[PDB]
Amino acid sequence: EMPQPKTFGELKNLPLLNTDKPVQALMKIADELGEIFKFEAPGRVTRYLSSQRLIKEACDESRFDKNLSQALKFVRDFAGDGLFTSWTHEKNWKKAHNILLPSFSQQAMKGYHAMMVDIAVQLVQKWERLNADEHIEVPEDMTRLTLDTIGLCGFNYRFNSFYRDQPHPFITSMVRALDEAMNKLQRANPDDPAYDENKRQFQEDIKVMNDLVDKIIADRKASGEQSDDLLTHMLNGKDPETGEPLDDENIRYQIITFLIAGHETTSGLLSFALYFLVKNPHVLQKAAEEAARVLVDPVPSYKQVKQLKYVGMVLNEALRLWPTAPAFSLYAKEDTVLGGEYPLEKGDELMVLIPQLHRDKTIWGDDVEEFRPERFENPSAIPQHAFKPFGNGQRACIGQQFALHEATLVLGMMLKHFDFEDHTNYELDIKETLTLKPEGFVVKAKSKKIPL
Ligand code: MNH
């Protein structure tokens with residue numbers, strides 16, 4: 001049979017999800033329960049997977065397909081038919097996949113990189129122009145950078161999020177909506193007077209996001225166009241199979257999904273990577289050397305990012321220890337036995353604990369908690385399906401190369417232009433908005449006096 005956590009009667013496991021940090025609670029639960037453990041809530045059942053040998057079967061394209069998590073279903077209201085939230089047996093997913101995949105490529109990455117620099121320059125100039133006494137809120141400023149990067153590159157819109165003291169209205173509203181998604185999963189009873197207040201708020205926040213997208217289409221509508229871009233590939237992009245462009249109503253959904261999924265994950269990754277680089281001096285020294293040798297010219301070139309090897313290794317290791325996308329869910333496409341020990345009826349839902357998967361001691365050695373980028377010196381040596389932070393198969397992050405390209409480029413310039421000091425020996429605190437980010441992580445960054 002299949003182990004499961006403590007069920008309080010009617011609500012079963014569901015009351016456990018109330019905590020600020022659900023994914024970490026599930027990791028604790030997985031440490032004790034074992035490879036797999038069942039997780040049943042009233043009206044929904046899902047089995048969490050933590051051992052790699054089960055992950056490799058769950059990941060097979062001809063064995064299990066992607067299922068929408070309970071929270072992702074609520075995410076649909078602003079995101080919807082966007083690939084991250086669209087179904088695999090969904091029409092719009094296939095159309096959008098085929099026509100937005102060419103917008104991510106080597107030629108594409110070249111298209112986006114020159115504009116990425118601009119936003120990273122805004123970040124570097126902000127940190128260079130800070131006074132000596134001031135300190136930097138890494139996750140906040142990383143979200144600040146990532147929004148502007150994705151906006152300017154993939155939608156020709158400058159959020160100008162750096163010119164704002166407080167988080168952008170988009171950030172506030174997005175985080176708040178994710179709040180309801182998670183917090184309504186954990187909720188026992190769907191209807192109650194009080195929730196109406198909440199409900200009100202969540203109509204409000206969403207609108208802001210909607211309103212913001214209205215600018216991108218309107219702005220580009222009024223200003224000059226015909227400059228190859230994601231938003232172009234959405235307006236004028238056409239489906240090879242059906243010869244059809246995207247639905248305007250669906251184009252806006254694409255914009256929502258891309259704006260949201262392009263910063264939170266990348267910004268959490270940058271914060272986590274900087275944190276781990278701060279806790280270990282030597283792993284920084286190596287990367288500070290790499291960025292200097294690889295990037296000579298003041299502005300990084302499209303080729304210079306790919307030339308950076310150690311930066312990508314650092315990013316992959318930091319992404320291993322704390323994958324910014326905490327989990328993905330999968331349903332069985334036909335009756336199978338998982339591991340040869342657990343029989344599952346078709347359509348059964350299994351969630352996958354990516355951070356617990358990376359902590360499997362058998363594959364990654366008996367010092368998994370140890371953060372050493374050198375593990376990724378020969379990334380070929382890593383076993384199959386043991387390391388899947390970006391997802392699996394066709395369903396895995398069309399712009400993952402953009403994630404790595406922006407994050408590597410930015411981090412290379414950060415280590416190039418700055419010296420990082422940790423004034424609090426920061427206690428690692430992970431805030432969850434369906435995504436993992438350090439909370440309270442503050443460092444100072446002295447200038448290195450490098451141009452542009
Ligand atoms: C860090 C970086 C990063 C991580 C950890 C990441 C994680 C994921 C994971 C996991 C999935 C699959 C979810 C599931 O349930 O199967 C996924 C799918 C997706 N992701 Mn991303 N993703 C990005 C960067 C990331 N993504 C960026 C950047 C973009 C946008 C430019 C993006 C846009 C998507 C889209 C779109 C999908 C949907 C793919 C599909 O369903 O066909 N992404």
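As annotated in the PDB entry, the chain is Bifunctional cytochrome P450/NADPH--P450 reductase from Bacillus megaterium.

(A) Spotlight on the pairing of strand 12 (residues 442–447). Across two bridges, the pairing between strand 4 (residues 136–137) and strand 12 is antiparallel. Bridge pairing links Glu137 to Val442 in strand 12. In this structure, strand 9 (residues 418–421) lies alongside strand 12, joined through four bridges in antiparallel fashion. Across the sheet, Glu421 pairs through a bridge with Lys444, a residue of strand 12.

(B) Representation of the coordination of the manganese atom of the ligand. Among all protein atoms, only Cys397 (SG) binds the manganese atom of the ligand, sitting 2.5 Å from it. Mapping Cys397 onto the fold places it in the loop between helix 15 (361–364) and helix 16 (400–417).

(C) Quick look at the side chain of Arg187. With respect to the helices and strands, the residue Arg187 is situated in the loop between helix 7 (169–185) and helix 8 (195–222). A relative accessible area of 11% means that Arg187 is categorised as buried. Each residue touching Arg187, except ones within four places of it in the same chain, is listed here: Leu14, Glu180 and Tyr195.

(D) Looking closely at the sheet that holds strand 9. With respect to topology, three strands assemble into an open sheet ordered 4-12-9, the strand pairing being antiparallel. With partners counted over all chains shown, the strands left at the sheet margins are strand 4 and strand 9, one partner each. Of the strands in this sheet, strand 9 and strand 12 touch helix 16, which is tilted by about 85 degrees from strand 9.

(E) Examining the layout of surface pockets more closely. Size it by volume and the largest pocket reaches roughly 1100 Å³. The wall of the largest pocket is formed by 38 residues, among which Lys306, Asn316, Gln400, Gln401 and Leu404 lie closest to the centre. Of all the secondary-structure elements, those providing two or more residues to the lining of the largest pocket are helix 5 (106–128), helix 12 (302–307), helix 13 (310–321) and helix 16. In terms of residue count, helix 16 provides more of the lining of the largest pocket than any other element does, six residues in total. A class-by-class count of the residues in the lining of the largest pocket yields 19 nonpolar, 13 polar and six charged. For the second largest pocket, the calculated volume is near 480 Å³.

Rules and cut-offs
Residues numbered from 1 in each chain as written, not as in the entry; some residues may be left out. Heavy atoms only, no water. Pairing = 2+ DSSP bridges. Helix = DSSP H or I, 4+ residues; strand = E, 2+ residues; numbered from the N terminus. Donors = N, O, S within 2.8 Å, 3.2 Å for Na, K, Ca; no water. Buried < 20%, exposed > 50% of the residue type's maximum accessible area, 1.4 Å probe, protein only. Contact = heavy atoms within 4.5 Å. Axes fitted to C-alpha atoms, helices over the stretch in contact; angles between N-to-C directions. 1 Å grid on protein atoms, 1.4 Å probe; cavity = no way out; pocket = protein on both sides within 12 Å on 5 of 7 lines; lining within 4 Å. Points joined across faces, edges and corners; volume = space filled by probe spheres on them. Nonpolar A, V, L, I, M, F, W, Y, C, P; charged D, E, K, R; others polar.

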